[PDB]
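K.L.:
Handing you a structure now.
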Amino acid sequence: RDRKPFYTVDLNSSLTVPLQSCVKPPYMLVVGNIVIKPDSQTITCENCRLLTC
Amino acid sequence: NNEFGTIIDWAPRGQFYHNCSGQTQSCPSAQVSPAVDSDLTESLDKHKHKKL
Amino acid sequence: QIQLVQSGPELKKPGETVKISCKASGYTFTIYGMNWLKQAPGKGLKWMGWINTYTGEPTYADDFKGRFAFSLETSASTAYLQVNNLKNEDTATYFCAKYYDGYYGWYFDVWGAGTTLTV
Amino acid sequence: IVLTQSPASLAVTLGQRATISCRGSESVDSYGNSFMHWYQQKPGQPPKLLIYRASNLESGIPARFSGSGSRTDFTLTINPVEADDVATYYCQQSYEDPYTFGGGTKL
Ligand SMILES: *[C@@H]1O[C@H](CO)[C@@H](O[C@@H]2O[C@H](CO)[C@@H](O[C@@H]3O[C@H](CO[C@H]4O[C@H](CO)[C@@H](O)[C@H](O)[C@@H]4O)[C@@H](O)[C@H](O[C@H]4O[C@H](CO)[C@@H](O)[C@H](O)[C@@H]4O)[C@@H]3O)[C@H](O)[C@H]2NC(C)=O)[C@H](O)[C@H]1NC(C)=O
Ligand SMILES: *[C@@H]1O[C@H](CO)[C@@H](O[C@@H]2O[C@H](CO)[C@@H](O)[C@H](O)[C@H]2NC(C)=O)[C@H](O)[C@H]1NC(C)=O
Ligand SMILES: *[C@@H]1O[C@H](CO)[C@@H](O[C@@H]2O[C@H](CO)[C@@H](O)[C@H](O)[C@H]2NC(C)=O)[C@H](O)[C@H]1NC(C)=O
């Protein structure tokens, strides 16, 4: 281009893969509005959900 | 890196860039991420194209 | 068109200093660096270095690091080459040239008119 | 990187091919481009670039001039030699600081 070298990177995609990640007992996941207070070292949540995957 | 502690990661992170060493002053020094967050959510069935 | 006009010939003596002007006309001065080239009569060309017209940072070759200074005037689109404590080995023509940009673009298509120097 | 350009002086008559050979101590090929350049300098004048990147004819140069060259080996060709080609030709290297020029070749 314009009598100088020109480099083009082309990338295309038509493939997506769905995954599932799980932990096992005695481990669980707490999902929601999780608040961490570093001064009092407290973790608090209202209406979180317990999940595995 | 804050009052909750410092977390570091020694695994590599990949990006596109130009060497720019031994080049003229027109060589861009910015690094480019080829894919963004919307490439994993928006238009899953639609074909995606990236040109650099 | 792009034209690099240099200063006229000058006469000097050892121990003094010389200021050389090279005004660029026909392109944005801040996007293109300025190169300085030296040619002793009867011999080949030698590359001295270049000045970053976007930041002002000067660079010099391994055989020209000693007593050379690159400066520029952005407002008037002019670059100055300064030689201090002239010696008898400095009798040469000095060229200002615009490189051809791009990948490994250290080759020159537009040259200055020239500036003969004797000391 | 040092460059050796041969012959030091070439004597060719009008209407005959002229060939100049330039070598290098190291390769100058990078990412599909060979960075060897040919200049022409007439006395009292700045050099004018003839062939850039070893194969490309500069704009405004007459079609008589043509360049060619492989890795570390490059050549310049002038088939229809005229009387205005009397000058010195240099092979230049633009791949490494200080981007050294050539010694010269009289013709
Ligand atoms: C690991 O675990 C994950 C759990 O998330 C599994 O992911 C699931 O993978 C399956 C395929 O294996 C996915 O099923 C696909 O869902 C879609 C269904 O279409 C939805 O949307 C349309 C409207 O657009 C509605 O009409 C329809 O009812 C659905 O709500 C489609 O993408 C797929 O079906 C289409 O394609 C097939 C083939 O091309 C055709 O036959 C169909 O007719 C249709 O066109 C398909 O059914 C599922 O959604 C994933 N779950 C998620 C993302 O939560 C992984 O599969 C699993 N991996 C392994 C290796 O086990
Ligand atoms: C990116 O596009 C290329 C074509 O430009 C795709 O490669 C072709 O894919 C089709 C459909 O599966 C095949 O029939 C062809 O044989 C493939 N090759 C060619 C040369 O056409 C490629 O699959 C795309 N990449 C992704 C990740 O989807
Ligand atoms: C840009 O390219 C240069 C030139 O190849 C690379 O510099 C080399 O770096 C390695 C690793 O440090 C050294 O062993 C070589 O001596 C260097 N060669 C030189 C200076 O000519 C440089 O690493 C590249 N930059 C990148 C890839 O980011």
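Here the Cβ positions follow ideal geometry from the backbone for every residue, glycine too, while neighbour counts run over all protein chains shown. Nothing in this text is a laboratory measurement; each read-out follows from the coordinates by a stated rule.
K.L.:
Go through region C:81-91 and give me each residue that's in contact with a strand residue (DSSP E or B) (Cβ under 6 Å, 6 or more places away or on another chain) and surrounded by fewer than 18 Cβ atoms within 10 Å (Cβ to Cβ).
P.N.:
C:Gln82, C:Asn84, C:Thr91
K.L.:
Of the numbered conditions (1) touching a strand residue (DSSP E or B) at 6+ places or on another chain (Cβ under 9 Å); (2) more than 7 Å from every other protein chain (Cβ to nearest Cβ), D:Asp84 fails exactly one; give the number of that condition.
P.N.:
So D:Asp84 meets the others, but not (1).
K.L.:
Another one. Taking the stated definitions as given, is C:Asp101 in a strand (DSSP E or B) and within 14 Å of chain A (Cβ to nearest Cβ)? Break it down stepwise before answering.
P.N.:
On the way: in a strand (DSSP E or B): no; within 14 Å of chain A (Cβ to nearest Cβ): yes.
When the stated conditions are applied, C:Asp101 does not pass them.
K.L.:
Of all strands (runs of 3 or more DSSP E) completely enclosed by region D:1-76, which ones contain at least 1 residues that are touching a residue at least 24 places away in the same chain (Cβ under 8 Å), surrounded by 11 or more Cβ atoms within 10 Å (Cβ to Cβ) and within 12 Å of chain C (Cβ to nearest Cβ)?
P.N.:
Where strands (runs of 3 or more DSSP E) fall fully within region D:1-76 and carry at least 1 residues being touching a residue at least 24 places away in the same chain (Cβ under 8 Å), surrounded by 11 or more Cβ atoms within 10 Å (Cβ to Cβ) and within 12 Å of chain C (Cβ to nearest Cβ), they are D:3-6, D:36-41, D:48-52.
K.L.:
A further question on this structure: Would region B:13-34 turn up any residue that is within 16 Å of ligand 1 (Cβ to nearest atom), farther than 30 Å from C:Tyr60 by Cβ, among the hydroxyl-bearing types (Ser, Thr, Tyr) and more than 8 Å from chain A (Cβ to nearest Cβ)?
P.N.:
Scanning region B:13-34 turns up no residue that is within 16 Å of ligand 1 (Cβ to nearest atom), farther than 30 Å from C:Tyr60 by Cβ, among the hydroxyl-bearing types (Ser, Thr, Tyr) and more than 8 Å from chain A (Cβ to nearest Cβ).
K.L.:
Of the residues C:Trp111, C:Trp106, which is hydrophobic (A, V, I, L, M, F, W, C) and within 14 Å of chain A (Cβ to nearest Cβ)?
P.N.:
The conditions single out C:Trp106.
K.L.:
Go through region C:60-89 and count every residue that is away from every other protein chain (no Cβ under 11 Å) and closer than 23 Å to C:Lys23 by Cβ.
P.N.:
So the count comes out to 17.
K.L.:
Just name the residue that is nearest to ligand 2 (Cβ to nearest atom) out of those in chain A that are within 14 Å of chain C (Cβ to nearest Cβ) and of a type in the set (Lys, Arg).
P.N.:
Looking at residues that are within 14 Å of chain C (Cβ to nearest Cβ) and of a type in the set (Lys, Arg), I get A:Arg1.
K.L.:
I'd like the full set of residues that are among the polar types (S, T, N, Q) and either facing another protein chain (nearest Cβ under 10 Å) or part of a helix (DSSP H, G or I) (or both), limited to region D:87-107.
P.N.:
D:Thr88, D:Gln92, D:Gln93, D:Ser94, D:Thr100
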